[PDB]
Amino acid sequence: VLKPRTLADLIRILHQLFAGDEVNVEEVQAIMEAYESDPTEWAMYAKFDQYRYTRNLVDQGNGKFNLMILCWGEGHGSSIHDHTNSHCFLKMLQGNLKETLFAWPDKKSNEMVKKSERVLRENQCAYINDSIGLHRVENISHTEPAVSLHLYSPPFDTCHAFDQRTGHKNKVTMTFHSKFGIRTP
Amino acid sequence: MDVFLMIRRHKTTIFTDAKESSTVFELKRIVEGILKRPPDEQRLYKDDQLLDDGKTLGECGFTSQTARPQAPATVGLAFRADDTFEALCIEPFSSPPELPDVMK
Amino acid sequence: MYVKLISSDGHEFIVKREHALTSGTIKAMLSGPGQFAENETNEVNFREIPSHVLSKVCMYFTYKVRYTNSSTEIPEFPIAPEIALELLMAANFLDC
Amino acid sequence: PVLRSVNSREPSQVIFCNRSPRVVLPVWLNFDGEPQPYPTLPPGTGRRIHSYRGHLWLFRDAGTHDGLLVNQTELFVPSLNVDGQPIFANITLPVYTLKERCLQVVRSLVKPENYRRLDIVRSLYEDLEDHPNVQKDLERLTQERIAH
Ligand SMILES: CC(=O)N[C@H](C(=O)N1C[C@H](O)C[C@H]1C(=O)NCc1ccc(-c2scnc2C)cc1)C(C)(C)C
Ligand SMILES: [Fe+2]
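Written out as structure tokens, the structure is:
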């Protein structure tokens with residue numbers, strides 16, 4: 006194990022890892038889990054919206070990978086989404102989120118099937134791609150917020166939203182609440 | 001509960017307060033303490049209606065939201081000549097210049 | 017306890033003394049050796065402040081005295097746009 | 061930086077209560093002392109929010125950045141929830157000076173490009189342009205606390 010001493014250290018390590026020819030997603034996840042969340046080191050990216058969660062870009066990663074921080078209010082949650090064939094890592098900096106994994110749709114409209122459902126405790130880091138299925142992440146807490154650290158490689162502006170009742174798609178293009186600590190309306 | 005008033009006559013206007021539950025006579029008592037005329041030589045109006053000495057100010061129309069510190073209500077005042085009373089006379093304040101177009 | 021404030025157009029405004037000391041310049045006038053001797057009349061002539069703004073100024077006086085120690089909620093002091101410019105000049109002069 | 065939140069990680073539930081006529085902007089001061097804004101509160105609304113002991117808050121007009129009071133001071137630091145009862149932060153108007161209240165009003169009506177087209181003594185042009193700002197107030201507040 007290589008234990009990141011700071012958030013900046015974890016970012017320097019990730020840039021090296023994604024510069025190599027082969028990315029080993031087991032080692033990326035392990036090293037992101039290893040960094041012990043320290044709010045003094047990421048508080049500038051923690052910006053909250055009352056109504057939805059916020060996307061706060063941190064590092065665009067030399068075009069090979071994206072690094073974002075998402076901020077979840079009480080009761081805030083994602084839609085059922087895909088990952089446009091890119092790896093995706095999710096690490097908890099503060100709070101908890103419930104990941105509910107869905108299988109893809111059979112062609113005629115019917116309510117999609119929950120494969121699994123788990124809670125992500127603090128400092129835990131998860132991995133997802135379209136090979137494992139589609140998920141939806143929510144902050145279950147009625148009283149506390151959630152802050153998560155996302156890595157997506159390759160970076161993507163596009164993906165698809167899924168109606169749980171039918172399974173039919175609507176594809177979205179994702180906003181950014183902030184970029185590098187600065188509000189972008 | 002306090003009401004806030006401007007007692008007005010000619011070019012004289014008094015800024016004072018009173019309780020909604022205090023009476024019109026009691027108000028003449030303090031007008032006496034300022035312009036030194038007894039309440040029997042005083043007439044108090046709300047717009048055009050003379051006010052009963054024994055009616056409480058809340059009962060004449062001066063209340064919490066009608067007579068506020070930043071927007072006091074107006075009480076007209078008329079003195080007695082020495083036989084009977086003068087007509088209620090209040091000169092309005094000056095008027096501001098018409099709004100600069102730079103302020104819409 | 018009451019003092020008389022006179023406007024440029026000759027309107028007399030009698031307000032409580034401790035109300036008028038809301039004004040920094042009035043407080044400078046009347047708290048030191050400029051206090052009215054009893055042989056004098058408690059009048060201050062403001063020969064460049066018209067009555068429609070001077071009356072507004074004493075409305076602020078009562079407002080400030082009433083809500084300075086309020087502890088849970090205070091209203092907003094309303095200013096019409098027509099008097100805003102003239103009121104701002106009187107406030108700069110009166111230092112309040 | 062003296063006006064900073066301490067990284068306590070000891071949570072503290074708080075009630076923000078806007079009893080002003082303005083749209084209130086809660087402003088948190090991070091651990092480096094820089095301000096970061098939070099969702100706006102409409103007039104009359106209260107919300108129970110998540111915070112921590114030792115964190116510094118202040119509150120402004122969301123549109124004009126006019127300063128607001130909170131329990132009749134300008135800075136708010138929660139203690140620890142004794143017995144799990146919430147901490148209350150009561151947001152009010154301050155009693156502005158007449159001058160600062162008119163400057164608020166005419167900034168509300170004329171665009172800054174046109175302040176100096178107003179026939180007022182130029183002493184008040186610079187005053188108009190001295191728009192309320194929160195790090196100018198931080199400047200004052202830190203140097204108010206140095207002088208105990
Ligand atoms: C461990 C720590 O100090 N975490 C900080 C934290 O959680 N803070 C800082 C302040 O104490 C407030 C608290 C926070 O961000 N709480 C979430 C929150 C979301 C919305 C709101 C508001 S303000 C007006 N309306 C709402 C809904 C207030 C707080 C962050 C994540 C920003 C580094
Ligand atoms: Fe996802």
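If you're matching them up, the sequences are chains D, B, C and A in order.
Going by the deposited numbering, the first sequence opens with residue 6, and the numbers climb by one from there.
Going by the deposited numbering, the second sequence opens with residue 1, and the numbers climb by one from there.
Going by the deposited numbering, the third sequence opens with residue 17, and the numbers climb by one from there.
Going by the deposited numbering, the fourth sequence opens with residue 61, and the numbers climb by one from there.
For each residue, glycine too, the CB sits at the ideal point set by N, CA and C.
What is the DSSP secondary structure of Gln49(B), reduced to helix, strand or coil? Working through the second sequence from its first residue, we reach residue 49(B) at position 49. Three-state result, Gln49(B): strand.
Since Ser87(C) meets chain A, which of its residues come closer than 9 Å, beta carbon to beta carbon? Numbered from its first residue, the third sequence carries residue 87(C) at position 71. What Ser87(C) touches in chain A: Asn131, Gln132, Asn150 and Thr152.
Any non-hydrogen atom of ligand 2 closer than 6 Å to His86(D) Cβ: For the purposes of this step, residue 86(D) is taken as the residue at position 81 of the first sequence. At least one heavy atom of ligand 2 is nearer than 6 Å to the Cβ of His86(D), so yes.
Do three or more CB pairs link the stretch 164–184 of chain D to the stretch 76–92 of chain D at distances below 8 Å? yes
Test: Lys11(B) CB closer than 7 Å to a CB of chain C: Taking the first residue of the second sequence as 1, we reach residue 11(B) at position 11. So yes, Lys11(B) belongs to the interface.
How long is the line joining the alpha carbons of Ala149(A) and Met37(D), rounded to whole angstroms? In the fourth sequence, counting from the first residue as 1, residue 149(A) sits at position 89. In the first sequence, counting from the first residue as 1, residue 37(D) sits at position 32. Going by the C-alpha atoms only, they are around 38 Å apart.
Every unbroken beta strand (DSSP E) within the stretch 135–162 of chain A, with a cutoff of 3 residues, ordered by chain: 147–152
Ligand 1 heavy atom lying under 6 Å from the CB of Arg107(A): Translated into the one-based positions of the fourth sequence, residue 107(A) becomes position 47. Yes.
With a 10 Å radius around its C-beta and 16 neighbouring C-beta atoms as the bar for buried, classify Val6(D) as buried or exposed. Sequence index remark: in the first sequence, residue 6(D) carries index 1 (1-based). Exposed is the call here.
According to DSSP, simplified to helix, strand and coil, what is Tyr157(D)? For the purposes of this step, residue 157(D) is taken as residue 152 along the first sequence, with counting starting at 1. Strand at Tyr157(D).
Endpoints, alpha helix (DSSP H) assigned at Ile18(D): What you label residue 18(D) is simply residue 13 of the first sequence in a count that begins at 1. Segment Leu12 to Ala24, the alpha helix (DSSP H) holding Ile18(D).
Can you tell me where the beta strand (DSSP E) holding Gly106(A) begins and where it ends? In the fourth sequence, the residue the question calls residue 106(A) occupies position 46. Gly106(A) -> beta strand (DSSP E) spans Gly106 to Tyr112.
Quick one: using the 10 Å Cβ neighbour count with 16 as the cut-off for buried, is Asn193(A) buried or exposed? Within the fourth sequence, residue 193(A) is the residue found at index 133, counting from 1. Exposed.
Using a cut-off of 7 Å between C-beta atoms, extract the partners of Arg82(C) located in chain B. The count along the third sequence starts at 1 and reaches residue 82(C) at position 66. In chain order: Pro69.
Which of helix, strand or coil does DSSP assign to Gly186(D)? For this step, residue 186(D) is matched to residue 181 along the first sequence. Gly186(D) falls in the coil class under three-state DSSP.
What three-state label does DSSP hand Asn67(A) in the structure shown? Residue 67(A) sits at position 7 when you count from the first residue of the fourth sequence. Coil, per DSSP.
Out of curiosity, what's the CA-to-CA distance linking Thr16(B) and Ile65(C)? Position 16 of the second sequence, counted from the start, is the residue given in the question as residue 16(B). Position 49 of the third sequence, counted from the start, is the residue given in the question as residue 65(C). The straight-line gap from Cα to Cα measures roughly 21 Å.
Through-space distance from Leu19(D) to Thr133(A), alpha-carbon basis: Working through the fourth sequence from its first residue, we reach residue 133(A) at position 73. Working through the first sequence from its first residue, we reach residue 19(D) at position 14. Their Cα atoms are separated by approximately 46 Å.
Count the other C-beta atoms from every protein chain shown that fall within 10 angstroms of the C-beta of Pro138(A), then say buried if there are 16 or more, exposed otherwise. For the purposes of this step, residue 138(A) is taken as the residue at position 78 of the fourth sequence. It is buried - the Cβ of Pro138(A) has at least 16 other Cβ atoms within 10 Å.
Straight-line Cα distance separating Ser86(C) from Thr152(A): Translated into positions along the fourth sequence, residue 152(A) becomes position 92. Translated into positions along the third sequence, residue 86(C) becomes position 70. Between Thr152(A) and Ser86(C), the C-alpha separation is close to 10 Å.
So is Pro39(B) in contact with chain C if we call contact Cβ pairs under 7 Å? One-based indexing of the second sequence puts residue 39(B) at position 39. Chain C contact via Cβ: absent.
So, for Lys119(D): in the same chain, excluding its five sequence neighbours on each side, which residues have a beta-carbon less than 8 Å away from its beta-carbon? In the first sequence, counting from the first residue as 1, residue 119(D) sits at position 114. Counting only Cβ-Cβ distances below 8 Å, and skipping sequence neighbours, we find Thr105, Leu106 and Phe107.
Measuring alpha carbon to alpha carbon, tell me which residue in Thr189(D), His147(D), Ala151(D) and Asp135(D) is nearest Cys164(D). Here residue 164(D) refers to the residue found at position 159 when the first sequence is read from its first residue. Selected option, being the one with the closest Cα: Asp135(D).
Listing by chain order, which chain C residues have their CB less than 8 Å from the CB of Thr157(A)? For this step, residue 157(A) is matched to residue 97 along the fourth sequence. Residues of chain C passing the Cβ test: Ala107 and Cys112.
Just mark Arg176(A) as buried or exposed, buried being the case when its beta carbon has 16 or more other beta carbons within 10 Å. Taking the first residue of the fourth sequence as position 1, residue 176(A) is located at position 116. Exposed, by the Cβ-count rule.
Taking just the CA atoms, how far does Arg108(A) sit from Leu37(C)? Along the third sequence, read from residue 1 onward, the residue named residue 37(C) stands at position 21. Along the fourth sequence, read from residue 1 onward, the residue named residue 108(A) stands at position 48. Approximately 41 Å, taken between the alpha carbons.
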